[PDB]
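A.B. asks: Protein chains in written order, with our numbering: chain A, -5 to 191; chain B, 827 to 1020; chain C, 3 to 99; chain D, 46 to 197.
Even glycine gets a Cβ: it sits at the ideal position worked out from N, Cα and C.
Sharing a structure below in C-alpha cells format, with a few things to ask.
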Amino acid sequence: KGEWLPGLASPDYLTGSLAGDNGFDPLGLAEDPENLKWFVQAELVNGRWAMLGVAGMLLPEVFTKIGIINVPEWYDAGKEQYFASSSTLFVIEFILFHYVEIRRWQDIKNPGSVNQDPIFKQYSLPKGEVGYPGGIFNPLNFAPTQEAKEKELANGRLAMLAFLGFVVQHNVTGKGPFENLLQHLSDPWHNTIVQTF
Amino acid sequence: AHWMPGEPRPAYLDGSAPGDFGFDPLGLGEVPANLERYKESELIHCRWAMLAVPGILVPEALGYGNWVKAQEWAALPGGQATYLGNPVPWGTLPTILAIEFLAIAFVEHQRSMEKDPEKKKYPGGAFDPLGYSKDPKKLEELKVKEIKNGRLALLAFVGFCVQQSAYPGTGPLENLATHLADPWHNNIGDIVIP
Amino acid sequence: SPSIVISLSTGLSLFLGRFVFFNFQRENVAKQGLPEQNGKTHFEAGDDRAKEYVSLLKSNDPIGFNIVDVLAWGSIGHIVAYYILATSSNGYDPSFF
Amino acid sequence: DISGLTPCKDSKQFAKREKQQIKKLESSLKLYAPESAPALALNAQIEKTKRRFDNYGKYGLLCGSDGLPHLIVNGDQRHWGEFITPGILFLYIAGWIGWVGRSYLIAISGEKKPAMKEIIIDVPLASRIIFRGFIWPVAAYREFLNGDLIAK
Ligand code: CLA
Ligand SMILES: CC(/C=C/C=C(C)/C=C/[C@@]12O[C@]1(C)C[C@@H](O)CC2(C)C)=C\C=C\C=C(C)\C=C\C=C(C)\C=C\[C@@]12O[C@]1(C)C[C@@H](O)CC2(C)C
Ligand SMILES: CC1=C(/C=C/C(C)=C/C=C/C(C)=C/C=C/C=C(C)/C=C/C=C(C)/C=C/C2=C(C)CCCC2(C)C)C(C)(C)CCC1
Ligand SMILES: CCCCCCCCCCCCO[C@@H]1O[C@H](CO)[C@@H](O[C@H]2O[C@H](CO)[C@@H](O)[C@H](O)[C@H]2O)[C@H](O)[C@H]1O
C-alpha cells in the first residue's frame, strides 16, 4: 500500500495483504511469519483496549468541565470508596479475565476449535478469521470489510499514542489532560513543553 | 470430553479407563507400571479423603470444637481423650499409638500381599456385602462417580488445610459463617494482598 | 514395671516377625543373594572365612524360624521397650510442641 | 531499622564526618588570598561536599555505627533503588551489546573469509545492525520460542 517514508523501499516480507500495511518495520521484528501473526494479534488487542481506556479517561473530564456530572479525575479514581473493597473486585476481574483470555488463547492456537458453546450445545460461532470472532460479537451485523479494519487499526494506533501522551504529560505536570489543553490554548506561545524547565 | 478443548490428547490416555479426561501436562505416566501404581495410589487417596471429610465436618456442627483442637490433648502431659463428651478410660498417647500402629500395619500388609493387578484397586467379594458390583453395566458408572467424588474430596481437604493455615484456630464451618456474614468484605482478597 | 513392658514388647515383636513379615523378609532376602565379587560369591572367589553357616540356620520349626530371626526380633523389641521406659521415666513436657 | 541500622539523617557520626571534612578543607583554604583562584576552587569544593552530604541525607540511606552508608540488597521495597534498578539497567545494556555482537557475527558468517571482516570491520553493516538492539528482549524471547537460539 502506502509508504511510511518516501524514498525507502518497503520490506520484502510485508506484501500489503494485511490491513493497515505501510511497510513500517525498520528494526526487522516481523521477519518470521509466526512472529508476524503473533504481533498482529497483539497489536489488535493492545489498542482495542487502548481506545476504551482513552475514552474513559477523556470523556468524563470533558463532561465534568461542562458542568453536568461531577466525577473524580482518572488519577484519583482509585482513592474513592466503592461498595466493595478493591481486593474483591480484583479477584473477580482476575477470574473472569483468566477464563476469557484462556478461551482466546485456545482460539489462537487452534483456529475454529472453541467456537462451540460449552453449556448450551445448540449455539456456535460462525466460521471466520482469527481476531474477528463475529457472530454474537457482531450483533448489528456489520460487514468486516477491509476499509473498516483499516479505520479500526488507525484509531487504535492513535489511541495508543494518546494514552502514552496522557501518562507522560500527567507525570511531568500534576494537572490532567483537559486542563493542560485549556492552559495551552490560553497562551500557545508561553505554555508549551519547552517553556516548562 | 477433554480437560481443555483444542488440546491434543496424549497417546497413553485414550479414554477407556474410568475418569479418563486426558490430563497429564507433565507426562508422568508414560511408563505403564508407573501408570498402574499411580492409579492405585490415587484411588487409595480418594477413598481416604472421602472417609475423612465427614469426620472433619460432623464436629463443629455439634457442641464439639473442631478437628484441629481434637488433637491438642496429646501435647499436654497426662492428657486424656474424650468421645462425644465422655472421657475414655484407655485414652493415653502410648497405648493408643501402639494399637493404631499394630492394627494399621497389619491391615496395610494384608492389602499389599495381593498380586492380581485388578484386585489391588477393586477387590470385591467380602468387601461389598450389598452386591452392587454384580451387574457390569452399572459398574463403570459407579467407578466414574467414585473417582469424581474422590477428586472433589481431595480438593476439599486441600481447601480445609489452606483455610486453617490462613486463619489459625478456625474451623471450616465458622469460616463459612464468617463469609456469609458479609460476603463483600470477608473474602480471599484481603489475605492475597495484605 | 520394667518386666511387664519388656515381655510385652519382645512378645509382640516376635509375633510380628513370625506370623506377619516372614514372607516379605524371605522374599527380599531371596531377591538380594549373597554378596559377589567379579560375578562370584566371596567363598567361591577363594575366601574360606566367608562360608555360610548352613548347619546353624537349620531348624525344626514348621515355617523355618531360626535363631538369627529370634535374635533380630528380640533386639528390636528390647530397643523399643527400653525407649518406652526411658521416655516415660523423665518428666519432659513439650509445652505446645 | 534493618539489622540494627540508623537512618543517615538521624546519625551523629555523619555530621561529625562532615565537620571534619569541612575543617580539613578550611585549614588549607586559610592560606591563600581571598581573591585568588585557589580560594574559589576550595569554596566550590566545600559547597560540593555540603551538597553531597545533604543529598545522602535526603535519599534515606542507613549509616552504620561507624557513620558510613550501607547498602541493602535484600529486595526490600524501601531500598530498591540501591541495587535492583541499576541491575536491571545493566542487564539491559549488556543484553544490547551481546545481541548486537552476535547479530554481526551471524551476518558476516555467510561470506567466504569472515576473518578479513573481523580484522577489518565494515561500518555500514554494523551501523545497520547496532540499532536493532533497542528491542533485544522481544527478539531473544521470540527466537527462544521458535528454537533458533541454540545451535543443533
Ligand atoms: C561478541 C560478543 C560475545 C558474546 C555474546 C560472548 C558470549 C559469552 N561469553 Mg565470550 N568472549 C568474547 C566475546 C563474546 N562472548 C571475547 C571478545 C572474549 C575474549 C576476551 C571472550 C571470552 C570469554 C571467556 C573467557 C568466557 C566467555 C564466556 C561467555 C558466555 C557467558 C557470558 C559471560 O560470561 O561473559 C564473559 C565476558 C567476557 C570475558 C568479555 C566479553 C566482552 C567483550 C569485551 C565484548 C564483546 C563485544 C564485541 C567486540 C562486539 C563487536 C560487534 C560489533 C563489531 C558490531 C557467553 C556464551 C564464559 C563462558 O564460557 O561461559 C559458558 C567464559 O568463561 N567468553
Ligand atoms: C493498552 C494501553 C492502555 C490501556 C489503558 C487502560 C486499560 C486504562 C484504564 C483506566 O483509564 C481507565 C479506563 C479509567 C481509570 O479510572 C482507571 C484506569 C485503569 C487508569 C496502551 C497501549 C499503548 C501502546 C503503545 C504506546 C505502543 C507503542 C508502540 C510503538 C511506538 C512501537 C513502535 C515500533 O514497533 C514498531 C511499530 C515497528 C518497529 O520496527 C519499530 C518500533 C519503534 C519498535
Ligand atoms: C521354645 C518354644 C516356644 C517359645 C519360644 C520363646 C518364648 C522364645 C523367646 C525368645 C526371646 C524372649 C528372645 C529374646 C531375645 C532378646 C534379645 C536379642 C535382646 C537384645 C537386646 C539388646 C540388643 C539391648 C541393647 C541395649 C543395651 C544392652 C543397653 C541399653 C540400650 C539397648 C536397649 C539398645 C514356643 C512355645 C513359641 C513354640 C515351641 C518352642
Ligand atoms: C587391632 C584391631 C583388630 C584386632 C584383630 C585381632 C585378630 C586376632 C586373630 C587371632 C587368631 C584367631 O584364630 C584363628 O582363626 C583362624 C580362622 O579365622 C584359624 O585358621 C587359620 O589357620 C588355619 C591353620 O593354618 C588355616 O587352615 C585357616 O585357613 C586360617 O584362617 C587359626 O588357626 C586361628 O588361630
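Less than 7 Å separating the Cβ of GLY146 (chain D) from some heavy atom of ligand 1?
C.D. replies: Counting from 1 along the fourth sequence, the entry for residue 146 (chain D) is found at position 101. Under cutoff, so the answer is yes.
A.B. asks: Tell me, which residues are paired with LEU107 (chain D) by DSSP?
C.D. replies: Reading the fourth sequence from its first residue, position 62 is the one you call residue 107 (chain D). Answer is D:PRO52 and D:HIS115, bridged to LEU107 (chain D).
A.B. asks: Determine the burial state of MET161 (chain D): buried for a count of at least 16 other Cβ atoms within 10 Å of its Cβ, exposed for fewer.
C.D. replies: Counted from its first residue, the fourth sequence places residue 161 (chain D) at position 116. It is exposed - the Cβ of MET161 (chain D) has fewer than 16 other Cβ atoms within 10 Å.
A.B. asks: Roughly how many angstroms separate the alpha carbons of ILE130 (chain A) and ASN109 (chain A), rounded to a whole number?
C.D. replies: The residue you call residue 130 (chain A) lines up with position 136 of the first sequence. The residue you call residue 109 (chain A) lines up with position 115 of the first sequence. C-alpha separation (whole angstroms): 11 Å.
A.B. asks: Does the separation of the CB atoms of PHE172 (chain A) and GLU74 (chain A) fall below 8 Å?
C.D. replies: By 1-based counting over the first sequence, the position of residue 172 (chain A) is 178. By 1-based counting over the first sequence, the position of residue 74 (chain A) is 80. Cβ distance not < 8 Å, so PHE172 (chain A) and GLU74 (chain A) don't count as in contact.
A.B. asks: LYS197 (chain D) bridges to which residues according to DSSP?
C.D. replies: One-based indexing of the fourth sequence puts residue 197 (chain D) at position 152. None, per the DSSP bridge assignment.
A.B. asks: Within 7 Å: the Cβ of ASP49 (chain C) and any heavy atom of ligand 4?
C.D. replies: By one-based count along the third sequence, residue 49 (chain C) stands at place 47. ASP49 (chain C) Cβ: outside cutoff for every heavy atom of ligand 4.
A.B. asks: Taking any Cβ of chain C, which residues in the stretch 892 to 922 of chain B have a Cβ under 7 Å from it, in chain order?
C.D. replies: The stretch 892 to 922 of chain B vs chain C, Cβ under 7 Å: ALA901, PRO903 and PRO920.
A.B. asks: Is the closest heavy atom of ligand 3 to the C-beta of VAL914 (chain B) under 7 Å?
C.D. replies: In the second sequence, residue 914 (chain B) corresponds to position 88, counting from 1. No, Cβ of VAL914 (chain B) sits at least 7 Å from all heavy atoms of ligand 3.
A.B. asks: Flag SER90 (chain C) as yes when its Cβ comes closer than 7 Å to any non-hydrogen atom of ligand 3, and as no otherwise.
C.D. replies: In the third sequence, counting from the first residue as 1, residue 90 (chain C) sits at position 88. Checking every heavy atom of ligand 3 against the Cβ of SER90 (chain C), none is found closer than 7 Å.
A.B. asks: Does the distance from the C-beta atom of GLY17 (chain A) to that of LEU8 (chain A) stay below 8 Å?
C.D. replies: Taking the first sequence and counting its residues from 1, one reaches residue 17 (chain A) at position 23. Taking the first sequence and counting its residues from 1, one reaches residue 8 (chain A) at position 14. Yes, the Cβ-Cβ distance between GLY17 (chain A) and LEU8 (chain A) is below 8 Å.
A.B. asks: Take the Cβ of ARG28 (chain C) as the centre, count every other Cβ of all protein chains shown within 10 Å, and call the residue buried at 16 or more, exposed below.
C.D. replies: Counting from one through the third sequence, the residue named residue 28 (chain C) turns up at place 26. That one is exposed.
A.B. asks: If distances are taken between C-alpha atoms only, which option among D:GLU71, D:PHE135 and D:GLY120 comes closest to residue 2 (chain D)?
C.D. replies: Given that chain D is displayed from residue 46 to residue 197, the structure contains no residue 2 (chain D) and the question cannot be resolved.
A.B. asks: May I ask which residues mark the beginning and end of the alpha helix (DSSP H) holding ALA952 (chain B)?
C.D. replies: Here residue 952 (chain B) corresponds to residue number 126 of the second sequence, with the count starting at 1. Run containing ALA952 (chain B): none; DSSP gives neither H nor E here.
A.B. asks: For the candidate residues D:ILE91, D:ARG173, D:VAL118 and D:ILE133, whose alpha-carbon lies nearest to that of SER148 (chain D)?
C.D. replies: Here residue 148 (chain D) is taken as the residue at index 103 of the fourth sequence, counted from 1. Ranking the options by Cα distance to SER148 (chain D), first place goes to D:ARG173.
A.B. asks: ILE164 (chain D): beta carbon under 7 Å from a heavy atom of ligand 1?
C.D. replies: Locating residue 164 (chain D) in the fourth sequence gives position 119, counting from the first residue. Checking the Cβ of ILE164 (chain D) against ligand 1 gives no.
A.B. asks: Can you pull out the residues from the stretch 83 to 99 of chain C whose beta carbon lies closer than 7 Å to at least one beta carbon of chain B?
C.D. replies: Under the 7 Å Cβ criterion, the stretch 83 to 99 of chain C contributes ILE86, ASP95, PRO96, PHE98 and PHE99.
A.B. asks: So, is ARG863 (chain B) buried or exposed, given that buried needs 16 or more other C-beta atoms within 10 angstroms?
C.D. replies: Residue 863 (chain B) sits at position 37 when you count from the first residue of the second sequence. Label assigned to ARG863 (chain B): exposed.
A.B. asks: Closer than 8 Å, CB to CB, is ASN16 (chain A) near chain B or not?
C.D. replies: Counting from one through the first sequence, the residue named residue 16 (chain A) turns up at place 22. No, because no Cβ of chain B sits closer than 8 Å to the Cβ of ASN16 (chain A).
A.B. asks: Got a sec: which bits of the stretch 16 to 33 of chain C sit with their beta carbon under 9 Å from any beta carbon on chain B, in order along the chain?
C.D. replies: Listed by position, the residues of the stretch 16 to 33 of chain C near chain B (Cβ gap below 9 Å) are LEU18, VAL22, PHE23, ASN25 and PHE26.
A.B. asks: Closer than 7 Å between beta carbons: that is the criterion. Which residues of the stretch 95 to 112 of chain A meet it against chain B?
C.D. replies: From the stretch 95 to 112 of chain A, only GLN100, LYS103, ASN104, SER107 and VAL108 have a Cβ closer than 7 Å to chain B.
A.B. asks: Would the stretch 97 to 104 of chain D count as touching the stretch 50 to 59 of chain D if we require 3 or more Cβ pairs under 8 Å?
C.D. replies: Taking 8 Å as the limit for Cβ pairs, the verdict is that the stretch 50 to 59 of chain D does touch the stretch 97 to 104 of chain D.
A.B. asks: Applying the 10 Å Cβ sphere with the 16-neighbour rule, what's the burial state of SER77 (chain C)?
C.D. replies: Position 75 of the third sequence, counted from the first residue, corresponds to residue 77 (chain C). So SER77 (chain C) counts as exposed.
A.B. asks: Can we count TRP68 (chain A) as close to ligand 2, meaning its CB is less than 7 Å from some heavy atom?
C.D. replies: Translated into positions along the first sequence, residue 68 (chain A) becomes position 74. Yes - ligand 2 has a heavy atom lying nearer than 7 Å to the Cβ of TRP68 (chain A).
A.B. asks: Please tell me whether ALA78 (chain A) has its Cβ less than 8 Å away from any Cβ of chain B.
C.D. replies: Locating residue 78 (chain A) in the first sequence gives position 84, where the first residue counts as 1. Yes, contact with chain B.
A.B. asks: Whole angstroms is fine: what's the gap from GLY950 (chain B)'s alpha carbon to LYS960 (chain B)'s?
C.D. replies: Within the second sequence, the letter at position 124 stands for residue 950 (chain B). Within the second sequence, the letter at position 134 stands for residue 960 (chain B). Approximately 10 Å, taken between the alpha carbons.
A.B. asks: Among the candidates B:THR996, B:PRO1020 and B:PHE983, whose CA atom is the shortest distance from the CA of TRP874 (chain B)?
C.D. replies: Counting from 1 along the second sequence, the entry for residue 874 (chain B) is found at position 48. Ranking the options by Cα distance to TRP874 (chain B), first place goes to B:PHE983.
A.B. asks: Where does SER11 (chain C) fall in DSSP's three states?
C.D. replies: Mapped onto the third sequence, residue 11 (chain C) falls at position 9. Reduced to three states, the DSSP call for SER11 (chain C) is helix.
A.B. asks: Report yes if the C-beta of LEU21 (chain A) is less than 7 Å from at least one heavy atom of ligand 2; otherwise report no.
C.D. replies: If you number the first sequence from 1, residue 21 (chain A) lands on position 27. Under cutoff, so the answer is yes.
A.B. asks: State yes or no: is the C-beta of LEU902 (chain B) nearer than 7 Å to some heavy atom of ligand 1?
C.D. replies: Stepping through the second sequence from its first residue, residue 902 (chain B) is reached at position 76. Because no heavy atom of ligand 1 lies under 7 Å away, the Cβ of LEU902 (chain B) does not count as near it: no.
A.B. asks: Here's a check: name, in chain order, each residue in its chain whose Cβ is nearer than 7 Å to the Cβ of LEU116 (chain D), leaving out the five neighbours to either side.
C.D. replies: Residue 116 (chain D) sits at position 71 when you count from the first residue of the fourth sequence. Only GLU127 and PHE128 meet the Cβ criterion.
A.B. asks: What is the DSSP secondary structure of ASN1012 (chain B), counted as helix, strand or coil?
C.D. replies: Here residue 1012 (chain B) refers to the residue found at position 186 of the second sequence. Residue state, collapsed to three classes: coil.
A.B. asks: Could you check where the alpha helix (DSSP H) with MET161 (chain D) kicks off and where it finishes?
C.D. replies: Position 116 of the fourth sequence, counting from 1, holds the residue named residue 161 (chain D). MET161 (chain D) -> alpha helix (DSSP H) spans 159 to 164.
A.B. asks: Please tell me whether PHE135 (chain D) has its Cβ less than 8 Å away from any Cβ of chain A.
C.D. replies: Locating residue 135 (chain D) in the fourth sequence gives position 90, where the first residue counts as 1. Chain A, which has no Cβ nearer than 8 Å to the Cβ of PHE135 (chain D), makes this no.
A.B. asks: Comparing alpha-carbon positions, which option in A:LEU(-1), A:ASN40 and A:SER80 lies nearest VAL1018 (chain B)?
C.D. replies: Numbered from its first residue, the second sequence carries residue 1018 (chain B) at position 192. Checking every option, the nearest Cα to that of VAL1018 (chain B) belongs to A:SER80.
A.B. asks: How about the stretch 40 to 59 of chain A and the stretch 136 to 151 of chain A: do they share at least three Cβ pairs that are nearer than 8 Å?
C.D. replies: Because the criterion of three Cβ pairs below 8 Å is met, the stretch 40 to 59 of chain A and the stretch 136 to 151 of chain A touch.
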